[PDB]
């Protein structure tokens with residue numbers, strides 16, 4: 001039996017889907033989203049980490065000269081300084097007072113811990129949503145993971161569910177992402193081969209292991225101080241070690257819709273956005289036949305108390321006649337007010353209670369109990385507590401029923417002025433017939 | 001020096017970009033695409049392979065009976081058959097003539113070679129070009145791999161190049177892809193958990209190594225023949241071993257634009273589609289100053305021969321008056337004809353020859369040598385050979401020059417009829433003037 005629903009993508013909000021069927025007593029399923037995991041597809045652009053600057057001992061050539069030569073190493077600098085006369089602890093290092101040259105050499109390399117302390121610049125796109133749904137109905141009460149697309153049928157109790165395409169493609173990850181340990185950053189990182197000194201990605205590596213490193217750290221050698229051996233040099237400090245303090249708080253503290261951001265893999269958990277279609281194929285063995293169910297009749301509804309609070313702040317008492325005791329599926333056919341319980345034990349004592357949640361000062365909604373249907377109506381007070389630690393169980397529909405007091409006054413006004421306008425029309429049509437004839 | 005070009009995404013077409021600059025003698029770069037690799041992002045949906053049907057020996061209980069149990073194994077079938085009376089080679093297996101049962105049991109498993117002989121169903125999206133470009137100018141003559149987006153500067157000879165976003169996002173891979181060894185198949189494979197018996201994906205596994213296997217092979221047990229031990233059963237033949245003979249030929253034989261399709265990773269090589277923007281940042285050290293270049297003057301052209309064949313079928317000798325010998329850059333400013341050589345050795349002998357490829361019956365194009373410019377004009381014959389093993393070196397622009405013989409005849413006809421029409425208009429207007437005076 002194919003049935004379709006559309007549940008909110010709201011975690012821990014148990015949606016009730018009501019399946020009325022021809023030969024069988026109606027069935028209510030609960031569909032509660034236990035988790036979701038919106039996971040982007042990632043392309044690694046490059047790895048960044050602190051640089052190491054490699055500065056050998058100066059090749060001081062006493063009484064001679066020592067030409068420099070190029071090398072392939074990143075940001076490599078080499079210069080030969082003529083006319084040095086350096087001292088060591090025991091005296092001058094060279095015999096010649098001026099015919100000496102110091103070869104100074106320095107270059108940049110990936111740090112020794114870059115395998116362990118690095119940030120990955122990713123492009124992030126085409127997110128796929130996996131949800132954990134709890135399905136329950138009758139004896140079946142089971143939790144199953146499903147990919148939220150029109151293309152993964154998951155078995156529950158012999159039923160197959162397809163959780164159709166998520167209503168919106170939205171995701172909190174921008175097109176460019178930086179990932180670092182537990183944290184994710186929306187960050188327009190500099191393209192590979194164009195990173196700049198003292199900013200994130202001043203050195204860049206296409207992978208943690210890659211032999212080829214882009215480095216642009218503005219390393220410049222300068223001439224050694226007179227009589228001093230030290231290979232002096234200036235270089236712009238590590239842009240990664242600037243980023244680590246400049247980061248701010250990560251996307252986990254900033255994502256919309258209450259998303260909780262996690263890494264390994266990069267995913268946005270529990271984003272309370274959109275709605276999930278469901279296709280439900282329920283077998284006949286799930287239902288009970290109308291010959292088995294109680295013949296609930298003359299169902300009526302009285303609301304004992306109602307508060308339009310965020311929890312199940314209203315209490316209905318349902319009263320009826322029945323031929324036998326037994327379970328009945330119970331539902332509210334209006335989003336004005338949702339019900340706490342999916343099923344009720346109908347008993348020959350002829351009365352039942354059902355708890356409901358609404359956002360409106362005067363709801364009206366058609367409850368059913370098995371085949372029987374009735375209209376509940378209430379006067380609902382506002383709550384006293386301004387703020388609560390839980391989300392609404394209602395659908396936030398606030399427009400009052402036309403039988404409510406506000407709409408009653410509106411009806412009395414509009415029928416008063418309309419009746420006066422009708423009398424004015426009657427008078428004018430009467431007179432204008434006379435002035436047509438005469 | 002920021003400069004921009006746009007090269008055809010045609011492998012081995014040696015596009016030549018001409019830089020004209022105020023302080024410096026002009027420069028022609030070659031930009032030859034050696035390879036492209038259009039690689040889709042792949043999400044693995046599931047693994048398919050031939051199933052192994054596991055059928056234990058029949059548990060025949062003599063003089064007794066057996067219950068049986070459901071097991072959480074794929075496609076698992078079990079039935080107990082009452083009243084068996086089997087014969088082994090030496091006689092009846094059981095004493096009792098009807099108080100016996102055979103427990104027949106069978107289930108589906110993944111085949112033992114599914115680690116090796118399996119097909120992986122992927123979704124393919126947001127393909128990224130990588131291209132191998134050969135850059136040459138002067139003594140710099142070098143090959144660099146670049147990602148073709150506006151976001152990867154590569155250094156050649158101290159010059160940055162950015163190969164901008166490919167003009168079209170086309171790729172030969174459909175949204176759903178099946179990969180098998182060297183082959184890629186465009187194939188709408190069945191969603192996971194919905195594969196059907198005897199067709200591709202009758203068994204499905206989310207990964208090669210996963211513990212959980214979907215199976216839907218229509219395995220059914222049937223009663224053992226009287227007096228025979230054999231566990232009879234029917235099952236639909238492996239949908240993967242049907243697919244292997246039904247595949248046909250892979251996307252490698254069918255992709256548009258001449259794409260060559262390869263795996264590990266899935267990539268479409270050398271697709272001849274679109275054009276690649278280029279940004280150049282050439283340093284001044286690459287140029288030569290106009291004080292150093294030849295002062296080429298009195299440049300004039302005659303075309304010694306021209307066939308508008310797919311190769312460089314035209315030859316144009318350039319007569320010039322220099323002041324010194326030197327290397328001059330040479331370029332053709334009109335895309336009706338592409339030159340073969342980017343530079344020419346200017347000699348005091350005052351003549352040299354240049355080869356060009358054209359597709360039109362009569363091109364005219366502004367050749368330049370250093371600063372000097374002249375218009376070459378030709379009358380080009382068609383080639384004799386109907387088919388050639390190589391692509392056109394020209395841009396396939398075929399409209400003739402307005403000074404060509406066809407357009408000369410059109411100009412004669414159109415100016416003759418236009419002149420006669422103007423004379424008729426003048427006669428009419430003059431007659432209207434005279435009859436206005438009268």
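Chains as they are written, first to last, in the authors' numbering: chain E, 1 to 438; chain M, 1 to 438.
Positions of the beta carbon are idealized from the N, C-alpha and C atoms, including for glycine.
- For residue 41 (chain M), at least one C-beta of chain E is nearer than 7 Å to its own C-beta.
- Straight through space, the alpha carbons of residue 278 (chain E) and residue 156 (chain E) are spaced by roughly 13 Å.
- Closest by C-alpha distance to residue 393 (chain M), out of M:300, M:222, M:8, is M:8.
- When secondary structure is reduced to three states using DSSP, residue 219 (chain M) falls in the coil class, being assigned neither helix nor strand.
- Against chain M, the CB of residue 194 (chain E) has a partner CB under 7 Å away; the residue lies at that interface.
- If the five residues before and after residue 361 (chain E) are omitted, its C-beta is found closer than 6 Å to the C-beta atoms of 380, 400, all from its own chain and listed in chain order.
- For the 7 Å CB-CB criterion, residue 15 (chain M) and residue 205 (chain M) do not form a contact.
- In chain order, 125, 126 make up the part of chain E whose C-beta sits under 7 Å from the C-beta of residue 126 (chain M).
- A straight line joining the alpha-carbon of residue 126 (chain E) with that of residue 222 (chain E) spans about 50 Å.
- Across the structure, residue 370 (chain E) and residue 348 (chain E) are spaced so that their CA atoms are roughly 14 Å apart.
- Closer than 7 Å at the C-beta level to chain E, one finds these residues of the segment 149-180 of chain M: 151, 152, 153, 154.
- Assignment of beta-bridge partners to residue 4 (chain E) by DSSP yields E:279.
- Residue ranges of uninterrupted beta strand (DSSP E) with 3 or more members, entirely inside the segment 57-127 of chain M and ordered along the chain, are 59-61, 77-82, 101-110.
- Between residue 54 (chain M) and the set M:44, M:39, M:73, the nearest pair of CA atoms involves M:73.
- One alpha carbon belongs to residue 298 (chain E), the other to residue 258 (chain E), and they sit about 46 Å apart.
- The shortest CA-to-CA distance from residue 312 (chain M) to any of M:78, M:391, M:403 is the one to M:391.
- Between the alpha carbons of residue 111 (chain E) and residue 350 (chain M) lies a distance of about 60 Å.
- For residue 191 (chain E), at least one C-beta of chain M is nearer than 7 Å to its own C-beta.
- When E:135, E:207, E:182, E:38 are compared, the shortest CA-CA separation from residue 172 (chain E) is found for E:38.
- Here residue 180 (chain M) carries a strand assignment [DSSP, helix/strand/coil].
- Of the residues E:65, E:122, E:75, E:27, the one whose Cα lies closest to the Cα of residue 96 (chain E) is E:65.
- Nearest neighbour of residue 233 (chain E) by Cα position, chosen from E:33, E:56, E:377, turns out to be E:56.
- DSSP lists E:177 as the bridge partner or partners of residue 186 (chain E).
- In the three-state reduction of the DSSP assignment, residue 167 (chain M) falls in the coil class, being assigned neither a helical nor a strand state.
- Looking at the DSSP output, residue 337 (chain M) shares a beta bridge with M:358.
- For residue 269 (chain E), the enclosing beta strand (DSSP E) has its first and last residue at 267-269.
- The beta-carbon separation of residue 180 (chain E) and residue 119 (chain E), rounded to 4 Å, stays under the 8 Å limit for a contact.
- For residue 433 (chain M), the enclosing alpha helix (DSSP H) covers residues 405-437.
- In the DSSP assignment, residue 289 (chain M) is bridged to M:24.
- Under the 10 Å beta carbon count, residue 402 (chain E) is surrounded by fewer than 16 other beta carbons and is classified as exposed.
- The shortest C-alpha to C-alpha distance from residue 378 (chain M) to any of M:430, M:304, M:328, M:411 is the one to M:304.
- Within the same chain, Cβ atoms closer than 7 Å to the Cβ of residue 227 (chain M) are found at 85, 86, 87, the five residues on either side in sequence being excluded.
- Apart from sequence neighbours up to five positions away, the residues of its chain that approach residue 212 (chain E) with a beta-carbon distance below 8 Å are 205, 206, ordered along the chain.
- Membership of residue 326 (chain E) in the beta strand (DSSP E) is indicated by the continuous run 326-332.
- The C-beta of residue 249 (chain M) has fewer than 16 other C-beta atoms within 10 Å across all chains shown, which makes the residue exposed.
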